[PDB]
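Working notes, beginning with the structure itself.
So basically every Cβ, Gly included, is an ideal-geometry build from the backbone, and we count neighbours across all protein chains shown. Every read-out reported here was derived from the displayed coordinates using simple, explicitly stated rules and does not represent laboratory data.
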Ligand SMILES: [Zn+2]
Ligand SMILES: [Zn+2]
Ligand SMILES: [Zn+2]
């Protein structure tokens, strides 16, 4: 739909298409690998310039105004005043303001840079759409952060996000479902999800939960095996992954005889003690299938160390 | 880091006298000057080879092995 | 004590050797006790007020950032380590 | 040596220096 | 395939492109690539 304006390097003498071309960076020459004829000379390499990412900000070149080695406050104040009174940049400033708040929210929870980059990208892709017009901005930011965490394999829980961003679960759930649909819609248009996108992904929660309790890495590995094998029981498979992980952690806590009571485990992870004990009864009947064979074989942990009711 | 095999100047073999030199200092109660002469190191080119050597190998051996068999 | 929090949210003790290899910052956490008090009084017009405690005095530890720790300092792990301990930690005496 | 009140020599000053570096070190100012 | 070595407990591991970079025994996150098994020639000069 436009002029070609394409340059293809081919050897006139050899005429073989496609041609074998070797780029001698050291000698600054492009030479035909067959006859040795030089096709182009004085090749350039591939401060005075700035690199910006055209995925979170697109094409938006702007320059700030600030004090120099000599400057009067009058000019700086009025010049900044004039810059603010622009109509073209107002539309993009809202998106930029959203990124600033997302960065502050992400930086207040001690999350990696990848999450905020993913969260900002998710916001931009799903922003400026007719579907997301009746939802609070807080819900949109929280949903984007949750999506960003999922893409980084460090997915958090709904409660963890709700601790910082205050939005009722109904709006949170509806926004997330809408946001996922938008990503799917734009994925087919031109990916987005993988095995990690699955909601449960319980294995990711165990390392953090045990860390909060201060358990050793050996206990964490045993809990991971227990949780992975915990999905074979139908009576527990339909339970929430948080309860599955916490109860699995509790079983390993008593297996290794750590002096930590359930009253504090549920207080730290915000899980009802009755639910932990209620799930323990179901999980107590399948203990033989929920213990790593190697750990019992070595002798570190025995099935007789688990109290029975 | 470890005792040189040969004297730098004249090429005399001095790498087989490090343990003897240490033994003379410790058990024989000899000063470094007498121990060097008893080992047959007469030219001062050879004397400085053993006299000024620093055994850094012992310090390195304190670290646990990176790859144990 | 010096510590590092990973991407998944697991926090563990950080030693200088690991920090050098992992391109991490050798720093510890800072916590401060925060007391939140609220006073109210009936502001009768044209009179000085007498604020009174309204039985709401909350009093928890708040994280306020990380402070880089100088090696071989009172807050570093190598201050209480003997020569053998340093060799175990792959640190030069 | 023989008397606990005899004057010291210039060679005995190095013992004082050795004590100084045993307590302080070479990077005492940075750590302190 | 490839065999790695933990940098804290000296445990030999085997990792794939999908496996997470971490020791499964002690939990360390620093791994050393194992010495190549192919002979290497050296000149004694
Ligand atoms: Zn050609
Ligand atoms: Zn010699
Ligand atoms: Zn290990």
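Look through the range B:1-44, keep the residues that are in a helix (DSSP H, G or I) and within 16 Å of ligand 2 (Cβ to nearest atom), and return whichever of them is nearest to residue B:55 (Cα to Cα).
That would be B:18.
What do you reckon, is residue A:58 within 40 Å of the chain's Cα centre (by Cα) and either surrounded by 11 or more Cβ atoms within 10 Å (Cβ to Cβ) or within 16 Å of ligand 3 (Cβ to nearest atom) (or both)? Give the steps one after another, and end with the answer.
On the way: within 40 Å of the chain's Cα centre (by Cα): yes; either surrounded by 11 or more Cβ atoms within 10 Å (Cβ to Cβ) or within 16 Å of ligand 3 (Cβ to nearest atom) (or both): yes.
Yes, satisfied.
If you scan the range C:1-22, which residues turn out to be more than 14 Å from chain A (Cβ to nearest Cβ) and more than 15 Å from residue C:70 (Cβ to Cβ)?
Passing the criteria: C:17, C:18, C:21.
Tally the residues that are within 23 Å of the chain's Cα centre (by Cα) and either in a helix (DSSP H, G or I) or under 18 Å from residue A:262 (Cα atoms) (or both), restricting the search to the range A:228-242.
Quick first cut of the range A:228-242, residues within 23 Å of the chain's Cα centre (by Cα) only: A:228, A:240-242.
Among the residues that remain, those that are also either in a helix (DSSP H, G or I) or under 18 Å from residue A:262 (Cα atoms) (or both) are: A:228, A:241-242.
Residues meeting the conditions: 3.
Looking only at the range C:25-49, count every residue that is within 14 Å of chain A (Cβ to nearest Cβ) and surrounded by 13 or more Cβ atoms within 10 Å (Cβ to Cβ) and tell me the total.
Matching residues across the range C:25-49 total 2.
Which residues, taken from the range A:282-309, are closer than 15 Å to residue A:246 by Cβ and either exposed (fewer than 10 other Cβ atoms within 10 Å of the Cβ) or touching a strand residue (DSSP E or B) at 6+ places or on another chain (Cβ under 6 Å) (or both)?
none
Quick test of your reading of the structure: residue A:111 fulfils all but one of (1) within 14 Å of chain C (Cβ to nearest Cβ); (2) touching a helix residue (DSSP H, G or I) at 6+ places or on another chain (Cβ under 6 Å); (3) in a loop (DSSP other than H, G, I, E, B). Name the failing condition by number.
(2)
With the condition kept exactly as written, say whether any residue in the range A:141-153 is touching a strand residue (DSSP E or B) at 6+ places or on another chain (Cβ under 6 Å) and surrounded by fewer than 20 Cβ atoms within 10 Å (Cβ to Cβ).
Here is the first cut: in the range A:141-153, the ones touching a strand residue (DSSP E or B) at 6+ places or on another chain (Cβ under 6 Å) are none.
No, the range A:141-153 contains no residue that is touching a strand residue (DSSP E or B) at 6+ places or on another chain (Cβ under 6 Å) and surrounded by fewer than 20 Cβ atoms within 10 Å (Cβ to Cβ).
Quick check, is residue A:135 away from chain C (no Cβ under 14 Å) and touching a helix residue (DSSP H, G or I) at 6+ places or on another chain (Cβ under 6 Å)?
Considered against the rule, which asks whether it is away from chain C (no Cβ under 14 Å) and touching a helix residue (DSSP H, G or I) at 6+ places or on another chain (Cβ under 6 Å), residue A:135 comes out as yes.
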